[PDB]
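In: Below you'll find the sequence and an experimental structure to go with it.
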Amino acid sequence: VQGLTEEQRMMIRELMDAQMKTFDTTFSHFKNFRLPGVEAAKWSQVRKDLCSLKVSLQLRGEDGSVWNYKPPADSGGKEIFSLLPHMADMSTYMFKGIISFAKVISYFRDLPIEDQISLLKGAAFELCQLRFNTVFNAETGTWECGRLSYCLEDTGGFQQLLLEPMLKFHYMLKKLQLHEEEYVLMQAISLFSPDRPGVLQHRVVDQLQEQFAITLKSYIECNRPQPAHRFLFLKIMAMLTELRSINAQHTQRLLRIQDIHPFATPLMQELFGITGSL
Ligand SMILES: Cc1cc(C)c(S(=O)(=O)Nc2ccc3c(c2)nc(CCCCCCCN)n3Cc2ccccc2)c(C)c1
């Protein structure tokens, strides 16, 4: 609010507006989702890949009842896929919110439709993880999604869990104690990345991204004088670069698992380049 130009203030306001309209932070409208039921070299890697998703799951009913699901151990069989349909439904729900976020923003609406599609295919996973970070509780290792909770299982210990790049990302980013405004500028910087596959208006997207980055740098300078926030802008940009690498690693996991055991919803297939033809 302090020290920004009028264009920078309008930019933050437009992003905060889009975030408010399209982020169901209580997950009140996530419903009707599936739940876990009550050569060989490709299989060996798929087994390791699925370790990237292993969480337990709690559901608190409006009546006060609690269901809890603890996932199995890997015993060399199909039981390792039990959480995939639920995870697909959750990600699909998040992805719809992300697509709505982008479409409310003026700078995005003004790009040609092909570049909108390419930008969303490139960034949807990243914006999803940024939104999930805001409901991550780093004290209990839990993503608190309203009536749903997804909890990390104690291995090993805390430091042995933070070796997994996705978890180190979530814990390190939560430690920065970002404002809502800083999360939503992070989303814009990731969304308007000019080097995503298939982008045509590289120069326009690059100039938009740079403007979002300058606004973030200035927001931090004007509102965060404390020695703990020295280099905060550069810390955030380093997190964004690391998030891009996690996106490539986790996208290849999805594709290997999909090859052995189909689970991607139609929206996930569209976002991740699955044509529907073998
Ligand atoms: C295989 C696959 C790949 C991709 C690319 C997708 S996805 O982007 O479409 N979606 C998606 C959505 C949320 C995700 C996610 C993927 N990975 C994680 C990290 C899981 C936590 C570490 C476990 C620890 C064990 N060592 N989270 C966070 C999370 C937040 C809330 C609830 C649960 C998990 C999918 C579906 C599968």
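Out: Everything's here; your move. Numbering: from 1, shown residues only.
In: And the helices in the stretch 51-200 of the chain, which stretches?
Out: Using DSSP state H, counting those that start in this stretch, the helices assigned to the stretch 51-200 of the chain run over residues 84-104, 106-109, 113-134, 158-161, 165-175, 180-191.
In: now, of these, which is deepest in the fold?
Out: helix 180-191 (a mean of 23; mean count of other Cβ atoms under 10 Å). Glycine gets a C-beta too; all of them are placed from N, C-alpha and C.
In: picking up where we left off before, please produce JSON lines containing the helices of the stretch 51-200 of the chain, extended by distance to the ligand.
Out: As requested, the helices of the stretch 51-200 of the chain are arranged in JSON lines below (distance: least, Cβ to the nearest ligand atom, whole Å):
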{"stretch": "helix 84-104", "distance to the ligand": "3"}
{"stretch": "helix 106-109", "distance to the ligand": "20"}
{"stretch": "helix 113-134", "distance to the ligand": "4"}
{"stretch": "helix 158-161", "distance to the ligand": "7"}
{"stretch": "helix 165-175", "distance to the ligand": "5"}
{"stretch": "helix 180-191", "distance to the ligand": "14"}
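In: wait, which of those is closest to residue 266?
Out: Residue 266 lies closest to helix 84-104 among the helices of the stretch 51-200 of the chain, at 8.5 Å (Cβ to Cβ).
In: What is the distance between that closest one and the centre of its chain?
Out: On the basis of Cα atoms, centre = their mean, to the nearest Å, the separation between the geometric centre of helix 84-104 and that of its chain is 10 Å.
In: For the stretch 151-278 of the chain, what lies in contact range of the ligand?
Out: The interface of the stretch 151-278 of the chain toward the ligand, taken as Cβ under 6 Å from any ligand atom, is made up of 152, 164, 166, 167, 250, 251, 253, 254, 257, 268.
In: Report the contact partners of the last one.
Out: What it means is residue 268. For residue 268, the set of contacting residues under the criterion of Cβ atoms under 8 Å, 6 or more residues apart in numbering consists of 88, 91, 92, 95, 254, 274.
In: for the third one, same thing?
Out: Under the criterion of Cβ under 8 Å, 6+ apart, the neighbours of residue 166 are 52, 129, 246, 250.
In: could you redo the last one with a cut-off of 7 Å?
Out: 52, 246, 250 (Cβ atoms under 7 Å, 6 or more residues apart in numbering).
In: Among those, which one lies nearest to residue 180?
Out: residue 246 (22.4 Å).
In: Return the distance of residue 118 relative to residue 40.
Out: Taking Cβ to Cβ, to the nearest Å as the criterion, residue 118 is separated from residue 40 by 36 Å.
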